[PDB]
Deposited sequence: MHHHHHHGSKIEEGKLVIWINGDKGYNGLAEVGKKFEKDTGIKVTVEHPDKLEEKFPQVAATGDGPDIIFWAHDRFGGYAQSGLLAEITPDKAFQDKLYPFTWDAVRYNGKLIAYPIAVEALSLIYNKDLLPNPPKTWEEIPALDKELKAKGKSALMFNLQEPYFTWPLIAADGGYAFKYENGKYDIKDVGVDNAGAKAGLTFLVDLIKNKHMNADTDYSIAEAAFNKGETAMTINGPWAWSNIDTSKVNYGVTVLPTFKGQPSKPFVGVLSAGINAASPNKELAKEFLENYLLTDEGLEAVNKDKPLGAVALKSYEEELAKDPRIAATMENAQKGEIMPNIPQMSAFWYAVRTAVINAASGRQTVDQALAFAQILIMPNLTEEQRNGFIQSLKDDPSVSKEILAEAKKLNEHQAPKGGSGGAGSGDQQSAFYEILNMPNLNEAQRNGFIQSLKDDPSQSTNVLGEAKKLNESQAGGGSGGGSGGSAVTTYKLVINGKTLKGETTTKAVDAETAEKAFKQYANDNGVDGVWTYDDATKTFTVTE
């Protein structure tokens, strides 16, 4: 294949594995940063049936009441659509700090993610939500009016337009008073010169963008003029509201397995075969990059057969992963032993800074020490016919050193003291 049209998450891994700029939006180029040309910006939205309800629900808690009144369903197989509920309560794929993604920190195991997933499985068990439904069945149900609401992107709108049923698009409802944070995908083209020029001066045009959008709605197009002439449509406005409420998808190569992991967790979470915490732990273990297949399988089995120590298992797996990657509390605690004299305190803190991974040991034995706990060097020069040499002793003053040196001379068969070099010289 020459060019691939897809969301911007996988092009980063593809690149890892091997005036025109001003014509598009800057964040679109920044997201694909260059490896791909942005074409469309897509975000999920809540599409409801106008005849079913006058106004959409604002909170996720009210949706079960409306559904049981009907007696909500969408694509459950793909994590993409279910992710906003998880991300609403603090769930994040990777820690985005000072503009950089921290692969070492993964927030899928957060408590808010647990609350979102347990609310989803509560919807599943109450028969309000279908665990085995997919995108096609959800589209068919919304086209036939079986479901009052659905979660879908711009592309399905034309298909809904084929069903001629009145549909209203809006922002996804808030979860526990917190708005959702859907992933914002950038549908862009990645090249495996003629194809590049055909993308540039033919596809990236108002006529080309409008021709593509007529077949299937691209949502937010990267081209400025078509965005300006298409911003009048309120559906695009709702899509951008969802986008700013959401977070852009990362470009790091660590997403694909991540997606796989999340998918498995959702498949574990929806079917009821495993609890929310165990599914999240399995997803976290699958996310971990440097674990060997045998090690990952062993950790998976250990999490499966005993969920009591899941936190300790995750900590040990993270430690092993950091060890195979190609203390501050201890620092504060060590300084606070009162009876410990200064010398061993520096020794222990030097060991702590020297080897962090032994800190849990180094702290503990220090406590085992704590309960247990609770001078000038002068030189003699003998210039004698019977004894020639020099020796040293540590003393608090020249007087104690003088007695010590005189005793040493007494056991060994004119005394002068040079204070500048702290030297007693004895001449026989």
Next on the checklist: I have the full deposited sequence and the modelled structure. Can you tell me which residue ranges, counted from 1, have no C-alpha coordinates?
Outcome noted: 1-65, 84-92, 108-111, 150-155, 277-282, 417-427, 476-487, 527-529
